[PDB]
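Colleague: Chains as they are written, first to last, in my numbering: chain P, 1 to 347; chain B, 1001 to 1098.
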Amino acid sequence: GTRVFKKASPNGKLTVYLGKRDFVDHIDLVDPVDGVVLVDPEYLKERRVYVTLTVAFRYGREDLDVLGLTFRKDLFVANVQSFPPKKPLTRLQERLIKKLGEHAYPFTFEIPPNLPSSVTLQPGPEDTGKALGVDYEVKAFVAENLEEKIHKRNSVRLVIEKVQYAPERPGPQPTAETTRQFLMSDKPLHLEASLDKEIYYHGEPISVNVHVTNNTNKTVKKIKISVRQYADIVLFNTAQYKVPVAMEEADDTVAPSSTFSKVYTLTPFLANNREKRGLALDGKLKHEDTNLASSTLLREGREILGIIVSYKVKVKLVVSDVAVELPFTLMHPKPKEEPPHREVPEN
Amino acid sequence: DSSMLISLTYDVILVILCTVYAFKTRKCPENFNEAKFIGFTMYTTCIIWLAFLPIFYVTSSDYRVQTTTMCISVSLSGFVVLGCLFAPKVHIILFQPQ
């Protein structure tokens, strides 16, 4: 038993059927967007129908929104002639052809690698337009080539999500150390931090082991441990967006010429960060308010394209200050059946 | 000269603060690395002021050289402010409008 997702035009008979709503990638290869279209024989000369896969990228900041400019670009646009008035098919496409009928025209897209995943920036209450981020869309045009204008009635628009999952290899656990020499003679202060693991799932607790060796003439006042999320925007040379999604301040003090080891638990979640405008979250379809953006994996030997999301645990000690950063990956694992891509309890 | 330096110590501290702020954020890629140009401008402005102020104080013997140094310092500071910040921006605006 298998089921597909169908999108129908407001007018006429133009129905697009897609097997799955998520098209994941394995760095080396990307799952192809395979689907079918049913179009009624309502045309006389316009016997050409096109399918366009567009990886649109939009961005807007608070200062830019106030000024009145919002960046927009098309990272990758692929056009395929669905109707052949070569191109191997799949078992799902063959089953769709058999069930739908002879009019079922297939279309297959092979998404090239080194493309950003579907990540949408969280919009504030003021923003009411298109979602800011990278969105993958499939648009069906029943018109004579691309010369004619795009018609809302004829075109079928369906939002698809390209996401990555946690790698099979967990990777070495982060372990970051920093020794600082104070201006008062040669008095070294040592800080070290370690994580339970390198790959982290959304909602899972994060355990950080922090050890401080004070050989100075000052006492540490407070320790701030935060989970910074960084959103590198390669296009338009936009400045890096850094946002603390979780924080913990400890008033404990460490005496000079003494050692102190402790463990801290930080669990990032969206409820506390719901008011952070511009935060990068997972791909959205109809404003479902998905989880935090899964940290993209740059396994390629590394291209400046789209939005690159990363997470780092930052530990800061005051009395200047000593700051250390431990990168970690906050990515969803491979789901058993499929990602629902929506709030499972609708109400 | 002492009164002029007393009046200009506020501007000296102002330049020092601007240079510190520029050095704090140097790798901002906004507007094709505008922070880099700002930092370069601040560094060279600090260099020229440090090389000029003792010279201006010590050249009090002759009025001609003192006035020439006073004019040249501010003129070259203006040329720096133009050609280290606005000049790349003007070049991008005009020569590369795409």
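Where is the CB? At the ideal position from N, CA and C, for every residue including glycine.
Report yes or no: do three or more beta-carbon pairs, one from the segment 318-325 of chain P and one from the segment 219-229 of chain P, lie closer than 8 Å?
Modeller: At 8 Å Cβ cutoff, the stretches touch.
Colleague: Based on the DSSP output, what are the partners of P:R228 in its beta bridges?
Modeller: P:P244 and P:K312.
Colleague: Could you list which residues in chain B have their beta carbon closer than 8 Å to that of P:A239, in chain order?
Modeller: Chain B residues near P:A239: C1028, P1029 and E1030.
Colleague: Which stretch, first to last residue, makes up the beta strand (DSSP E) that contains P:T52?
Modeller: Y50 to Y59 is the span of the beta strand (DSSP E), which, as asked, contains P:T52.
Colleague: Applying the criterion that 16 or more other CB atoms from any shown protein chain within 10 Å of the CB defines a buried residue, is P:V77 buried or exposed?
Modeller: The residue in question, P:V77, is exposed, as its Cβ has fewer than 16 Cβ neighbours within 10 Å.
Colleague: From the DSSP output, which residues share a beta bridge with P:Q181?
Modeller: In the DSSP output, where bridge partners are listed per residue, P:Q181 has P:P188.
Colleague: Can you grab the Cα-Cα spacing for the pair P:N237 / B:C1071, in whole Å?
Modeller: Taking the straight line joining both Cα atoms gives about 39 Å.
Colleague: Could you give the DSSP three-state label for P:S294: helix, strand or coil?
Modeller: Here P:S294 sits in coil by DSSP.
Colleague: Which residues does DSSP pair with residue 349 of chain P in a beta bridge?
Modeller: Since the first residue shown for chain P is 1 and the last is 347, residue 349 of chain P is missing from the structure and cannot be characterised.
Colleague: Of the residues P:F5, P:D25, P:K316 and P:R342, which one's Cα is nearest the Cα of P:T178?
Modeller: Checked all of P:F5, P:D25, P:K316 and P:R342; the closest Cα to P:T178 is P:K316.
Colleague: Please give me, in chain order, every unbroken run of the beta strand (DSSP E) with length at least 3 that falls completely inside the segment 89-116 of chain P.
Modeller: Counting only runs of 3 or more, we get 105-109.
Colleague: Would you mind working out which of B:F1037, B:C1018 and B:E1030 sits nearest B:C1046, comparing C-alpha positions?
Modeller: The shortest C-alpha separation from B:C1046 is found at B:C1018.
Colleague: Kindly confirm or deny that the segment 226-237 of chain P and the segment 305-313 of chain P touch, where touching means at least three C-beta pairs closer than 8 Å.
Modeller: Contact between the segment 226-237 of chain P and the segment 305-313 of chain P is present, because at least three Cβ pairs lie under 8 Å.
Colleague: Can you give the Cα-Cα distance for P:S155 and B:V1015, rounded to whole angstroms?
Modeller: One C-alpha to the other measures close to 59 Å.
Colleague: Sorted by chain position, which residues of the same chain lie with C-beta nearer than 7 Å to P:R157's C-beta, five sequence neighbours on each side aside?
Modeller: Closer than 7 Å at the Cβ level, and outside the excluded window around P:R157, lie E137 and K139.
Colleague: With respect to the beta strand (DSSP E) encompassing P:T120, which residues constitute its N-terminal and C-terminal limits?
Modeller: Run containing P:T120: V119 to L121, per the beta strand (DSSP E) assignment.
Colleague: Given 8 Å as the limit, is there contact between the segment 276-288 of chain P and the segment 205-215 of chain P, that is, 3 or more CB pairs closer than that?
Modeller: Cβ pair count under 8 Å is below three, so no.
Colleague: How far does the beta strand (DSSP E) with P:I206 in it reach, from first residue to last?
Modeller: Start and end: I206 to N214.
Colleague: Can P:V163 and P:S294 be called in contact, C-beta distance under 8 Å?
Modeller: In contact: P:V163 and P:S294 (Cβ atoms closer than 8 Å).
Colleague: Assuming P:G35 contacts P:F107 (C-beta within less than 8 Å), just tell me the rounded distance between them.
Modeller: The pair is a contact, with the Cβ atoms about 6 Å apart (cut-off 8 Å).
Colleague: Excluding five sequence neighbours on each side, which residues of the same chain lie with their C-beta closer than 8 Å to the C-beta of P:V254?
Modeller: Cβ within range, chain order: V212, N214, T219, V220 and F260.
Colleague: What separation, rounded to the nearest whole angstrom, lies between the Cα atoms of B:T1041 and B:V1081?
Modeller: Distance between the alpha carbons of B:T1041 and B:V1081 is about 6 Å.
Colleague: Determine the extent of the beta strand (DSSP E) in which P:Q81 is found, giving its start and end residues.
Modeller: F71 to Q81 is the extent of the beta strand (DSSP E) around P:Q81.
Colleague: CB P:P125 to CB P:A131, shorter than 8 Å?
Modeller: Contact: no.
Colleague: Let me check one thing: in DSSP terms, what residues is P:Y43 bridge-paired to?
Modeller: According to DSSP, P:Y43 bridges with nothing at all.
Colleague: In terms of alpha-carbon separation, which member of P:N291, P:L100, P:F328 and P:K336 lies closest to P:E198?
Modeller: Checked all of P:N291, P:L100, P:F328 and P:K336; the closest Cα to P:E198 is P:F328.
Colleague: Tell me whether the beta-carbon of P:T296 lies closer than 8 Å to the beta-carbon of P:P170.
Modeller: No.
Colleague: Is P:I27 helix, strand or coil by DSSP?
Modeller: In the structure shown, P:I27 sits in coil (DSSP, three-state: anything other than H, G, I, E or B).
Colleague: Between which two residues does the beta strand (DSSP E) containing P:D282 stretch?
Modeller: Where P:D282 is concerned, the enclosing beta strand (DSSP E) stretches over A280 to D282.
Colleague: How many Å lie between P:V243 and B:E1030 at the Cα?
Modeller: Near 18 Å, if we compare the C-alpha coordinates of B:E1030 and P:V243.
Colleague: Since P:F260 is in the alpha helix (DSSP H), which residue starts that stretch and which ends it?
Modeller: Segment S258 to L266 is the beta strand (DSSP E) holding P:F260; no alpha helix (DSSP H) there.
Colleague: At least one CB of chain D closer than 8 Å to the CB of P:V33: is that the case?
Modeller: The chain labelled as chain D is not found among the protein chains of the depicted structure, namely P and B.
Colleague: Rounded to whole angstroms, what is the Cα-Cα separation between P:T267 and P:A246?
Modeller: Using only the alpha carbons, I get a separation of about 7 Å.
Colleague: Using a Cβ-Cβ cutoff of less than 7 Å, which residues in the same chain neighbour P:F109 once the five nearest sequence positions on both sides are dropped?
Modeller: The answer, listed in chain order, is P32, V33, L53, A78 and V80.
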